[PDB]
Amino acid sequence: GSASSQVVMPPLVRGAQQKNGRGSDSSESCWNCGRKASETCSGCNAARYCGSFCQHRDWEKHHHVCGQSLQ
Ligand SMILES: [Zn+2]
Ligand SMILES: [Zn+2]
């Protein structure tokens, strides 16, 4: 029973921007379930999430999207 080296999904933060855009502009769906997304990945902030349970399920497929800054 050791932590070893395992990558876990980070919690989704609540996005709030007004300077650029007024709601989303580009895309507006949850990567996991696709039903109205209003939060972002606290890590890369690239993927869209609506809940913690959604992020975990999609986390397997997020492994290649996280840690890639913006390219
Ligand atoms: Zn969702
Ligand atoms: Zn991420």
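Summary table
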| quantity | calculated |
| --- | --- |
| Residue check for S29: surrounded by 10 or more Cβ atoms within 10 Å (Cβ to Cβ) and near ligand 1 (Cβ under 9 Å from one of its atoms) | yes |
| Some residue of segment 17-38 being more than 20 Å from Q71 (Cα to Cα) and in contact (Cβ under 8 Å) with a residue 40 or more places away in the chain | no |
| Members of segment 30-52 found to be of a type outside the set (D, E, K, R) and part of a strand (DSSP E or B), listed by number | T40, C41, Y49 |
| Residues satisfying the stated conditions in segment 47-71, i.e. surrounded by 11 or more Cβ atoms within 10 Å (Cβ to Cβ) and hydroxyl-bearing (S, T, Y) | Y49, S52 |
| Subset of segment 53-71 (residues that are part of a helix (DSSP H, G or I) and near ligand 2 (Cβ under 8 Å from one of its atoms)) | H62 |
| Members of segment 13-29 found to be in contact with a strand residue (DSSP E or B) (Cβ under 6 Å, 6 or more places away or on another chain) and part of a loop (DSSP other than H, G, I, E, B), listed by number | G15 |
| Condition check for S69: small (G, A, S) and closer than 13 Å to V8 by Cα | no |
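Every residue, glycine among them, receives a Cβ derived from its backbone with ideal geometry; neighbour counts consider all protein chains shown. Readers should treat all values here as calculations from the given coordinates under stated rules, not as data from a laboratory.
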